[PDB]
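**Student:** This is data-v6.txt (compact mmCIF, C-alpha atoms and all ligand atoms).
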```
# COMPACT_ATOMS: atom_id res chain seq x y z
CA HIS A 4 0.00 0.00 0.00
CA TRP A 5 1.10 3.55 -0.60
CA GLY A 6 2.83 5.61 2.03
CA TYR A 7 5.85 7.80 2.54
CA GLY A 8 8.70 5.27 2.71
CA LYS A 9 11.47 4.54 0.19
CA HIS A 10 9.54 1.66 -1.24
CA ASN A 11 6.01 3.07 -1.27
CA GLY A 12 6.45 6.85 -1.28
CA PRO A 13 5.53 9.62 -3.68
CA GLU A 14 7.79 8.42 -6.50
CA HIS A 15 5.89 5.13 -6.54
CA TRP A 16 2.30 6.41 -6.40
CA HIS A 17 1.88 6.76 -10.14
CA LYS A 18 1.87 2.95 -10.58
CA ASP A 19 -1.43 2.60 -8.70
CA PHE A 20 -2.67 6.15 -9.37
CA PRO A 21 -1.62 7.24 -12.87
CA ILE A 22 -3.18 10.68 -12.33
CA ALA A 23 -0.04 11.29 -10.19
CA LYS A 24 1.50 12.50 -13.47
CA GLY A 25 -1.57 14.57 -14.44
CA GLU A 26 -2.11 18.15 -15.56
CA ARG A 27 -3.14 19.73 -12.25
CA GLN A 28 -1.30 17.93 -9.43
CA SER A 29 -0.54 19.37 -6.01
CA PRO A 30 1.35 20.58 -4.13
CA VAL A 31 3.37 23.11 -6.12
CA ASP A 32 6.05 25.68 -5.54
CA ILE A 33 4.59 29.16 -5.24
CA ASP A 34 6.92 31.50 -7.04
CA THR A 35 5.92 34.78 -5.41
CA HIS A 36 7.34 36.95 -8.16
CA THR A 37 5.40 35.10 -10.93
CA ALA A 38 2.08 34.90 -9.05
CA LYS A 39 -0.22 37.64 -10.23
CA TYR A 40 -2.51 39.84 -8.25
CA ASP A 41 -6.11 39.26 -9.35
CA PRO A 42 -8.06 42.35 -8.27
CA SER A 43 -11.31 40.51 -9.05
CA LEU A 44 -10.77 37.90 -6.32
CA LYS A 45 -13.02 38.48 -3.29
CA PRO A 46 -11.97 38.37 0.36
CA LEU A 47 -12.22 34.90 1.75
CA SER A 48 -15.13 34.24 4.05
CA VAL A 49 -14.21 31.76 6.79
CA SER A 50 -17.33 31.14 8.91
CA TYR A 51 -16.32 28.73 11.65
CA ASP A 52 -18.38 30.03 14.62
CA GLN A 53 -20.83 27.07 14.55
CA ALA A 54 -18.18 24.42 13.87
CA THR A 55 -18.90 21.06 15.46
CA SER A 56 -15.79 18.89 15.87
CA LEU A 57 -16.41 15.23 16.63
CA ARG A 58 -13.39 12.97 16.70
CA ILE A 59 -9.65 12.74 16.05
CA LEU A 60 -8.31 9.74 14.10
CA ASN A 61 -4.82 8.39 13.37
CA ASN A 62 -5.31 6.93 9.88
CA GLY A 63 -1.78 5.65 9.45
CA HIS A 64 -0.72 8.62 7.30
CA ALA A 65 -1.63 11.64 9.42
CA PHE A 66 -4.29 12.50 12.00
CA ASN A 67 -7.67 13.92 11.03
CA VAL A 68 -9.85 16.12 13.18
CA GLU A 69 -13.35 15.43 11.87
CA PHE A 70 -16.39 17.71 11.85
CA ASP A 71 -20.15 17.38 11.51
CA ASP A 72 -20.68 18.27 7.85
CA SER A 73 -24.37 17.26 7.72
CA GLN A 74 -25.39 20.96 7.90
CA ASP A 75 -23.85 24.32 7.01
CA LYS A 76 -21.98 24.81 10.30
CA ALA A 77 -18.39 25.65 9.34
CA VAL A 78 -18.10 26.90 5.79
CA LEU A 79 -15.71 28.53 3.41
CA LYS A 80 -17.02 30.94 0.76
CA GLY A 81 -15.82 33.87 -1.33
CA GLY A 82 -12.30 34.26 -2.62
CA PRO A 83 -12.03 32.30 -5.87
CA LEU A 84 -15.01 30.13 -4.90
CA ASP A 85 -18.56 30.12 -6.09
CA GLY A 86 -21.00 28.54 -3.69
CA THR A 87 -20.54 27.16 -0.22
CA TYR A 88 -17.94 24.65 0.90
CA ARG A 89 -18.37 22.68 4.15
CA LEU A 90 -15.52 21.81 6.49
CA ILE A 91 -15.20 18.03 6.77
CA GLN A 92 -11.80 17.60 8.46
CA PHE A 93 -8.40 19.09 9.00
CA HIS A 94 -5.02 17.45 9.20
CA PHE A 95 -1.35 18.32 8.90
CA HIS A 96 1.76 17.28 7.00
CA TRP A 97 5.10 17.63 8.81
CA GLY A 98 8.76 16.83 8.78
CA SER A 99 11.38 14.96 10.78
CA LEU A 100 13.36 18.25 11.01
CA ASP A 101 12.15 21.86 11.28
CA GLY A 102 13.57 22.60 7.81
CA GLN A 103 11.07 20.40 5.98
CA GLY A 104 7.50 19.21 6.27
CA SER A 105 5.31 21.46 4.16
CA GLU A 106 3.85 20.31 0.86
CA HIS A 107 3.54 23.70 -0.83
CA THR A 108 6.74 25.73 -0.88
CA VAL A 109 7.22 29.49 -1.25
CA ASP A 110 10.11 30.46 -3.55
CA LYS A 111 11.35 26.93 -2.81
CA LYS A 112 11.24 27.52 0.97
CA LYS A 113 9.93 24.58 2.96
CA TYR A 114 8.07 25.19 6.21
CA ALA A 115 8.08 22.84 9.22
CA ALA A 116 4.51 21.74 8.58
CA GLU A 117 1.33 22.54 6.71
CA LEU A 118 -2.28 22.51 7.89
CA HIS A 119 -5.02 21.51 5.47
CA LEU A 120 -8.61 22.47 6.23
CA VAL A 121 -10.65 20.39 3.81
CA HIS A 122 -14.03 21.58 2.54
CA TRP A 123 -16.46 20.19 -0.04
CA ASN A 124 -18.86 21.96 -2.39
CA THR A 125 -22.42 21.54 -1.09
CA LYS A 127 -23.86 21.47 -4.62
CA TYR A 128 -22.54 17.92 -4.87
CA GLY A 129 -24.42 16.64 -1.82
CA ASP A 130 -21.66 14.58 -0.21
CA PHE A 131 -17.88 14.45 -0.03
CA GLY A 132 -17.62 11.26 -2.09
CA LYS A 133 -19.44 12.89 -4.99
CA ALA A 134 -17.54 16.15 -4.61
CA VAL A 135 -14.11 14.55 -5.11
CA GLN A 136 -15.27 13.40 -8.57
CA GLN A 137 -15.76 17.02 -9.70
CA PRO A 138 -13.22 19.62 -10.86
CA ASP A 139 -14.61 22.17 -8.38
CA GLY A 140 -15.51 19.67 -5.68
CA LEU A 141 -13.17 20.66 -2.87
CA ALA A 142 -11.59 23.74 -1.43
CA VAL A 143 -8.54 23.15 0.77
CA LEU A 144 -7.31 26.03 2.93
CA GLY A 145 -3.56 25.55 3.42
CA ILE A 146 -1.70 27.22 6.25
CA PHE A 147 2.06 27.03 6.82
CA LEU A 148 3.60 26.31 10.23
CA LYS A 149 6.97 27.65 11.35
CA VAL A 150 8.68 26.87 14.62
CA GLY A 151 8.89 29.71 17.11
CA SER A 152 6.31 30.69 19.72
CA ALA A 153 3.57 28.27 20.72
CA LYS A 154 0.16 28.39 19.05
CA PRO A 155 -2.29 28.31 21.96
CA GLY A 156 -5.18 27.15 19.79
CA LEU A 157 -3.15 24.10 18.74
CA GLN A 158 -2.47 22.79 22.22
CA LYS A 159 -5.69 20.82 22.68
CA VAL A 160 -4.78 18.90 19.54
CA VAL A 161 -1.24 18.27 20.79
CA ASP A 162 -2.42 16.99 24.12
CA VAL A 163 -4.72 14.29 22.74
CA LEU A 164 -2.07 12.78 20.46
CA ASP A 165 -0.81 10.35 23.07
CA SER A 166 -4.28 8.76 22.99
CA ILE A 167 -4.11 8.12 19.21
CA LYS A 168 -0.49 7.09 18.92
CA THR A 169 -0.99 4.27 16.42
CA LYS A 170 -2.87 3.62 13.19
CA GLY A 171 -6.60 3.09 13.61
CA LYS A 172 -6.88 4.74 17.01
CA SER A 173 -9.46 7.48 17.51
CA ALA A 174 -10.65 9.64 20.40
CA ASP A 175 -13.58 11.92 21.08
CA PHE A 176 -12.66 15.46 20.12
CA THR A 177 -15.71 17.64 20.59
CA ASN A 178 -15.89 21.40 21.11
CA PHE A 179 -12.66 22.23 19.32
CA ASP A 180 -12.62 25.68 17.67
CA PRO A 181 -10.59 25.70 14.46
CA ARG A 182 -10.56 29.51 14.47
CA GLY A 183 -7.63 29.18 16.88
CA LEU A 184 -5.45 27.76 14.12
CA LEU A 185 -5.72 30.75 11.76
CA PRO A 186 -3.19 33.55 11.30
CA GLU A 187 -4.18 37.22 11.48
CA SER A 188 -4.23 37.82 7.74
CA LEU A 189 -6.34 35.97 5.18
CA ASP A 190 -4.17 37.13 2.23
CA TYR A 191 -3.78 34.08 -0.02
CA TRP A 192 -2.57 32.49 -3.24
CA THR A 193 -4.95 30.28 -5.23
CA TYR A 194 -4.65 27.75 -8.06
CA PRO A 195 -6.46 24.62 -9.35
CA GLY A 196 -4.96 21.38 -8.15
CA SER A 197 -5.43 18.00 -6.59
CA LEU A 198 -5.51 15.91 -3.47
CA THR A 199 -1.89 15.51 -2.30
CA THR A 200 -2.38 11.87 -1.31
CA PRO A 201 -3.87 9.01 -3.24
CA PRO A 202 -6.30 8.98 -4.93
CA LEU A 203 -4.71 12.27 -6.15
CA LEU A 204 -7.98 13.40 -7.70
CA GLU A 205 -7.95 16.71 -9.55
CA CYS A 206 -10.83 18.22 -7.63
CA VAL A 207 -9.30 20.92 -5.45
CA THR A 208 -9.30 24.70 -5.51
CA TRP A 209 -6.24 25.41 -3.39
CA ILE A 210 -6.25 28.50 -1.18
CA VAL A 211 -2.86 28.90 0.54
CA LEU A 212 -2.46 31.63 3.16
CA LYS A 213 0.56 33.90 2.88
CA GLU A 214 1.04 34.30 6.62
CA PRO A 215 2.28 31.25 8.48
CA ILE A 216 1.30 30.41 12.02
CA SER A 217 4.01 29.86 14.63
CA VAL A 218 4.05 26.72 16.75
CA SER A 219 6.58 25.77 19.43
CA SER A 220 9.36 23.23 19.12
CA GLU A 221 7.55 21.20 21.84
CA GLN A 222 4.32 21.21 19.84
CA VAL A 223 5.90 19.87 16.66
CA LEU A 224 8.01 17.37 18.66
CA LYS A 225 4.75 15.84 19.84
CA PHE A 226 3.52 15.45 16.23
CA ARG A 227 6.72 13.48 15.58
CA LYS A 228 5.98 10.98 18.35
CA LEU A 229 2.94 9.64 16.50
CA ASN A 230 3.28 6.29 14.72
CA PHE A 231 2.48 5.19 11.15
CA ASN A 232 2.21 1.61 12.43
CA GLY A 233 -0.59 -0.11 14.31
CA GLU A 234 -0.47 -1.12 17.97
CA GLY A 235 1.69 -4.21 18.48
CA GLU A 236 3.83 -3.47 15.42
CA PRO A 237 7.41 -2.21 15.38
CA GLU A 238 7.54 1.52 15.79
CA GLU A 239 7.69 3.71 12.70
CA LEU A 240 7.58 7.35 13.65
CA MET A 241 5.02 9.44 11.77
CA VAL A 242 7.30 12.01 10.19
CA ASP A 243 7.89 13.30 6.65
CA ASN A 244 4.32 12.61 5.54
CA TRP A 245 4.50 15.20 2.75
CA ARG A 246 4.41 15.04 -1.02
CA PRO A 247 7.03 17.24 -2.73
CA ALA A 248 6.21 20.01 -5.21
CA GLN A 249 4.81 18.84 -8.56
CA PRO A 250 5.13 20.51 -11.98
CA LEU A 251 2.99 23.62 -12.39
CA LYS A 252 2.30 22.83 -16.06
CA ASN A 253 -0.42 24.94 -17.63
CA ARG A 254 -1.45 26.86 -14.53
CA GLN A 255 -1.19 30.37 -13.12
CA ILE A 256 -1.13 31.03 -9.42
CA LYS A 257 -3.21 34.09 -8.48
CA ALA A 258 -2.61 36.35 -5.45
CA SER A 259 -5.36 38.09 -3.46
CA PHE A 260 -2.95 40.85 -2.43
CA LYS A 261 -0.35 43.18 -3.86
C1 LIG A 301 -5.10 8.17 4.11
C2 LIG A 301 -6.06 9.00 3.25
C3 LIG A 301 -6.19 10.38 3.37
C4 LIG A 301 -7.10 11.08 2.57
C5 LIG A 301 -7.89 10.43 1.61
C6 LIG A 301 -7.66 9.03 1.59
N1 LIG A 301 -6.80 8.31 2.34
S1 LIG A 301 -8.56 7.97 0.50
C7 LIG A 301 -10.12 8.87 0.23
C8 LIG A 301 -9.96 10.39 0.16
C9 LIG A 301 -10.56 11.35 -0.52
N2 LIG A 301 -9.95 12.53 -0.35
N3 LIG A 301 -8.98 12.32 0.43
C10 LIG A 301 -8.23 13.43 0.72
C11 LIG A 301 -6.89 13.22 0.27
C12 LIG A 301 -6.00 14.32 0.37
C13 LIG A 301 -6.35 15.59 0.92
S2 LIG A 301 -5.21 16.95 0.97
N4 LIG A 301 -3.82 16.44 1.63
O1 LIG A 301 -5.79 18.01 1.77
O2 LIG A 301 -5.05 17.27 -0.44
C14 LIG A 301 -7.67 15.86 1.35
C15 LIG A 301 -8.52 14.74 1.25
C16 LIG A 301 -8.89 11.03 0.81
ZN ZN A 302 -3.23 17.35 3.25
```
Using structure tokens, write down the structure that the file contains.

**Tutor:**
Amino acid sequence: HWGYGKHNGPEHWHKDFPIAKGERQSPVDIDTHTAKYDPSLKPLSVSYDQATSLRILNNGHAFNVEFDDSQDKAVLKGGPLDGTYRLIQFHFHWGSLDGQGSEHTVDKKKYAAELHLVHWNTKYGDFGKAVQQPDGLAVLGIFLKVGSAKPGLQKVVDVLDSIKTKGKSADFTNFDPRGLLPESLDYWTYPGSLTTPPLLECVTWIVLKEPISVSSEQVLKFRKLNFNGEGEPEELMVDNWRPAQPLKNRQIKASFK
């Protein structure tokens, strides 16, 4: 099965998922000088006040914080989007070292980690249908750098010991994802894909310019998670990121000058 090791990592994925070599794969390098301001883009609308978190799950690749997406409770709208996209889950990608971990890069700079808030277009009725459409998902990407702690991240960090291994989950209600956002909602946007198998080309990427800062202790706790199941030899969950893919026939747009 696919993963992030030498024998099953990103360079192997194309054998089971040929779209890995497609026309709109993610992540990409964001060349800041080549991205163009699009004055027609609208401010993002991030409406998370009624968000209902449910559960946190170690799925063997990352951990997902899952939300109730059976009503319009936490939605993303505006920006490059038409219509309403519901938050289904968030998760992170991160490195074994502070100098790597992000999936998108900025002028080839790698951040320590990257948060993905995953939303699906309500016109398609459910997430499974949405991923089959070119405008099915909107993923809000936020970079993490190591410095001061992020207070809004700590509740996530503290539950990780309870989901150390693949397949473990824990109740995770009443978590407010607003605490993971930076001050500014300035962003870059481009059409892309899921960054793990099945690599479907269904995502409008919205990547925030401003990173959030997390502490060395916070990211160290991410790196104590395991890819393996309980009762299996330990494989630390680190370096669960796909590298930058070719931009091909795409233009990255900026919401800001
Ligand atoms: C282990 C694992 C994780 C995720 C998925 C799957 N398996 S298989 C079914 C499915 C459908 N979408 N999707 C998803 C994949 C990637 C991103 S990201 N990283 O935000 O582009 C968001 C959602 C997954
Ligand atoms: Zn992701």

**Student:** Please extract the residues at most 10 Å from ligand LIG 301 (chain A), counting all atoms listed in the file, and provide them as a PDB file with C-alpha atoms, in the coordinates of the input, using the chain letters and residue numbers of this document.

**Tutor:**
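Saved as selection-v8.pdb:
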```
ATOM      1  CA  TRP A   5       1.100   3.550  -0.600  1.00  0.00           C
ATOM      2  CA  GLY A   6       2.830   5.610   2.030  1.00  0.00           C
ATOM      3  CA  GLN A  28      -1.300  17.930  -9.430  1.00  0.00           C
ATOM      4  CA  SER A  29      -0.540  19.370  -6.010  1.00  0.00           C
ATOM      5  CA  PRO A  30       1.350  20.580  -4.130  1.00  0.00           C
ATOM      6  CA  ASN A  61      -4.820   8.390  13.370  1.00  0.00           C
ATOM      7  CA  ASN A  62      -5.310   6.930   9.880  1.00  0.00           C
ATOM      8  CA  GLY A  63      -1.780   5.650   9.450  1.00  0.00           C
ATOM      9  CA  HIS A  64      -0.720   8.620   7.300  1.00  0.00           C
ATOM     10  CA  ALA A  65      -1.630  11.640   9.420  1.00  0.00           C
ATOM     11  CA  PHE A  66      -4.290  12.500  12.000  1.00  0.00           C
ATOM     12  CA  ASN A  67      -7.670  13.920  11.030  1.00  0.00           C
ATOM     13  CA  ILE A  91     -15.200  18.030   6.770  1.00  0.00           C
ATOM     14  CA  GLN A  92     -11.800  17.600   8.460  1.00  0.00           C
ATOM     15  CA  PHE A  93      -8.400  19.090   9.000  1.00  0.00           C
ATOM     16  CA  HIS A  94      -5.020  17.450   9.200  1.00  0.00           C
ATOM     17  CA  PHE A  95      -1.350  18.320   8.900  1.00  0.00           C
ATOM     18  CA  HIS A  96       1.760  17.280   7.000  1.00  0.00           C
ATOM     19  CA  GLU A 106       3.850  20.310   0.860  1.00  0.00           C
ATOM     20  CA  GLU A 117       1.330  22.540   6.710  1.00  0.00           C
ATOM     21  CA  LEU A 118      -2.280  22.510   7.890  1.00  0.00           C
ATOM     22  CA  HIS A 119      -5.020  21.510   5.470  1.00  0.00           C
ATOM     23  CA  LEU A 120      -8.610  22.470   6.230  1.00  0.00           C
ATOM     24  CA  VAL A 121     -10.650  20.390   3.810  1.00  0.00           C
ATOM     25  CA  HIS A 122     -14.030  21.580   2.540  1.00  0.00           C
ATOM     26  CA  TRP A 123     -16.460  20.190  -0.040  1.00  0.00           C
ATOM     27  CA  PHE A 131     -17.880  14.450  -0.030  1.00  0.00           C
ATOM     28  CA  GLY A 132     -17.620  11.260  -2.090  1.00  0.00           C
ATOM     29  CA  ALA A 134     -17.540  16.150  -4.610  1.00  0.00           C
ATOM     30  CA  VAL A 135     -14.110  14.550  -5.110  1.00  0.00           C
ATOM     31  CA  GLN A 136     -15.270  13.400  -8.570  1.00  0.00           C
ATOM     32  CA  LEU A 141     -13.170  20.660  -2.870  1.00  0.00           C
ATOM     33  CA  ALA A 142     -11.590  23.740  -1.430  1.00  0.00           C
ATOM     34  CA  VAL A 143      -8.540  23.150   0.770  1.00  0.00           C
ATOM     35  CA  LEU A 144      -7.310  26.030   2.930  1.00  0.00           C
ATOM     36  CA  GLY A 145      -3.560  25.550   3.420  1.00  0.00           C
ATOM     37  CA  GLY A 196      -4.960  21.380  -8.150  1.00  0.00           C
ATOM     38  CA  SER A 197      -5.430  18.000  -6.590  1.00  0.00           C
ATOM     39  CA  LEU A 198      -5.510  15.910  -3.470  1.00  0.00           C
ATOM     40  CA  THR A 199      -1.890  15.510  -2.300  1.00  0.00           C
ATOM     41  CA  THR A 200      -2.380  11.870  -1.310  1.00  0.00           C
ATOM     42  CA  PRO A 201      -3.870   9.010  -3.240  1.00  0.00           C
ATOM     43  CA  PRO A 202      -6.300   8.980  -4.930  1.00  0.00           C
ATOM     44  CA  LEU A 203      -4.710  12.270  -6.150  1.00  0.00           C
ATOM     45  CA  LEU A 204      -7.980  13.400  -7.700  1.00  0.00           C
ATOM     46  CA  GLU A 205      -7.950  16.710  -9.550  1.00  0.00           C
ATOM     47  CA  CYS A 206     -10.830  18.220  -7.630  1.00  0.00           C
ATOM     48  CA  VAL A 207      -9.300  20.920  -5.450  1.00  0.00           C
ATOM     49  CA  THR A 208      -9.300  24.700  -5.510  1.00  0.00           C
ATOM     50  CA  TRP A 209      -6.240  25.410  -3.390  1.00  0.00           C
ATOM     51  CA  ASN A 244       4.320  12.610   5.540  1.00  0.00           C
ATOM     52  CA  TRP A 245       4.500  15.200   2.750  1.00  0.00           C
ATOM     53  CA  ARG A 246       4.410  15.040  -1.020  1.00  0.00           C
TER      54      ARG A 246
END
```

**Student:** At a cut-off of 10 Å from (-1.3, 31.1, 12.1) in the coordinates of the file, what residues are picked up using all atoms listed in the file, written as a list in words?

**Tutor:** residues 118, 146, 147, 148, 149, 154, 156, 157, 182, 183, 184, 185, 186, 187, 188, 189, 212, 213, 214, 215, 216, 217 and 218 of chain A

**Student:** Would you mind telling me which residue in A:247, A:138, A:81, A:42 lies nearest to ligand ZN 302 (chain A) when using all atoms listed in the file?

**Tutor:**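 Of A:247, A:138, A:81, A:42, the one nearest ligand ZN 302 (chain A) is A:247, counting all atoms listed in the file.
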
**Student:** Residues of range 72-122 of chain A that approach range 225-228 of chain A to 9 Å or less, counting all atoms listed in the file: could you list each one with the shortest pair of atoms and its distance in Å to one decimal, rows by chain and increasing residue number, as a Markdown table?

**Tutor:**
```
| residue | atom | partner | partner_atom | distance |
| --- | --- | --- | --- | --- |
| A:97 | CA | A:226 | CA | 7.9 |
| A:98 | CA | A:227 | CA | 7.9 |
| A:99 | CA | A:227 | CA | 6.9 |
```

**Student:** My list of candidates is A:8, A:223, A:107, A:128. Which is closest to residue 151 in chain A when distances are computed with only C-alpha atoms?

**Tutor:**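 Nearest to residue 151 in chain A: A:223.
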
**Student:** Find, counting only C-alpha atoms and all ligand atoms, the residue in A:104, A:12, A:129, A:237 that gets nearest to ligand ZN 302 (chain A).

**Tutor:**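 Of A:104, A:12, A:129, A:237, the one nearest ligand ZN 302 (chain A), counting only C-alpha atoms and all ligand atoms, is A:104.
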
**Student:** Mind pulling up the distance from CA of residue 46 in chain A to CA of residue 76 in chain A?

**Tutor:**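 Value for the CA of residue 76 in chain A-CA of residue 46 in chain A distance: 19.6 Å.
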
**Student:** Skipping near chain neighbours, those fewer than 2 positions away, what residues fall within 7 Å of residue 70 in chain A using all atoms listed in the file, listed as a list in words?

**Tutor:** residues 55, 56, 57, 68, 72, 90, 91 and 92 of chain A

**Student:** Extract, using only C-alpha atoms, all DNA, RNA and protein residues at most 6 Å from range 160-169 of chain A, discarding same-chain residues fewer than 4 positions from it, and format them as a list in words.

**Tutor:** residues 61, 173, 229, 230, 232, 233 and 234 of chain A

**Student:** Between A:35, A:48, A:108, A:193, which residue has the minimum interatomic distance to residue 86 in chain A, considering only C-alpha atoms?

**Tutor:**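 Residue with the minimum atom-to-atom distance to residue 86 in chain A: A:48.
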
**Student:** Using only C-alpha atoms, can you tell me which of A:251, A:172, A:100, A:80 comes closest to residue 220 in chain A?

**Tutor:**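 Among the listed residues, A:100 lies closest to residue 220 in chain A.
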
**Student:** For the atom pair CA of residue 191 in chain A and CA of residue 127 in chain A, what is the interatomic distance in Å to one decimal place?

**Tutor:** 24.2 Å

**Student:** Take CA of residue 79 in chain A and CA of residue 258 in chain A and report the distance between them in Å, one decimal.

**Tutor:** 17.6 Å

**Student:** Taking into account only C-alpha atoms and all ligand atoms, which residue in the set A:174, A:240, A:150, A:116 is nearest to ligand ZN 302 (chain A)?

**Tutor:**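 Closest candidate: A:116.
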
**Student:** Given the point (-4.3, 20.6, -14.6) in the coordinates of this file, which residues lie within 7 Å, counting only C-alpha atoms, and how would they look as a PyMOL selection string?

**Tutor:** chain A and resi 25-28+195-196+253-254
